[PDB]
């Protein structure tokens, strides 16, 4: 009788990068009367909290908050100790990756460069040829050039070949950047901790559950009952069907 409903955020509970619709938020608390609820998203905690409430409301509204794919975890209001990428990969491979990226970017000539070309996060390194500290206009300008020249795509091809067999994965999306993360540090990462919390059933809901999507792995994992949704309204409807028939 112990059930967790675990939700992707962008396009599953909220419009992408935007605040949750109050009506959806209301349903989630209603659902909470029957099951525990949780979110897992690739973004950092600050971004997730921003979309799901004011201040740190998110950690009171949800029983679990998994940011950066679960490498950061809040469980019933309490922050757990974080996993760092350097402990998993080791300093030598991490620095090999960093230096390859620095060397590669040094040779790229762009309309503009700024700063934060390599952002060190808990769950990944984010690599941006223009640099993350660029304005909106600068970002769009880079993006247009990127599509014409396949700048990020070529960089990722070179990276994958160089590190073949070494257990690194690379994101396929993004606008001015791409993600580098250890194999298994997709959304499945949060499942290891959840394994210990005595749930009879964990239902996962996501809008990117086809191959290539950032929900595919957690959706397909045998530890979850998987649900594919197309919008927050679809998500609410699915939960109504299953939990309030």
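Positions refer to the first chain, counted from 1.
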**OP:** On mean C-alpha B-factor from the PDB entry, just flag whether 82 to 90 or 130 to 138 is the higher one.
**Re:** 82 to 90
Original post:
Should the higher mean CA B-factor in the entry be assigned to 42 to 50 or to 215 to 223?
Top reply: 42 to 50
Original post:
Quick one: which of 27, 181, 66, 205 has the biggest Cα B-factor according to the entry?
Top reply: 27
Original post:
From 169, 76, 152, 172, which pick has the Cα B-factor that tops the rest in the entry?
Top reply: 172
**OP:** Report the third (lowest, middle or highest) to which the CA temperature factor of residue 193 belongs, ranking only the modelled residues of the same chain.
**Re:** middle
**OP:** Just say lowest, middle or highest third for the CA B-factor of residue 99 relative to the other modelled residues in its chain.
**Re:** lowest
**OP:** Could you tell me which third, lowest, middle or highest, the C-alpha B-factor of residue 116 occupies within its chain?
**Re:** lowest
Subject >> Third of the chain, ranked by Cα B-factor, where residue 58 sits >> reply: highest
Original post:
When the modelled residues of the chain are sorted by Cα temperature factor, does residue 201 land in the lowest, middle or highest third?
Top reply: middle
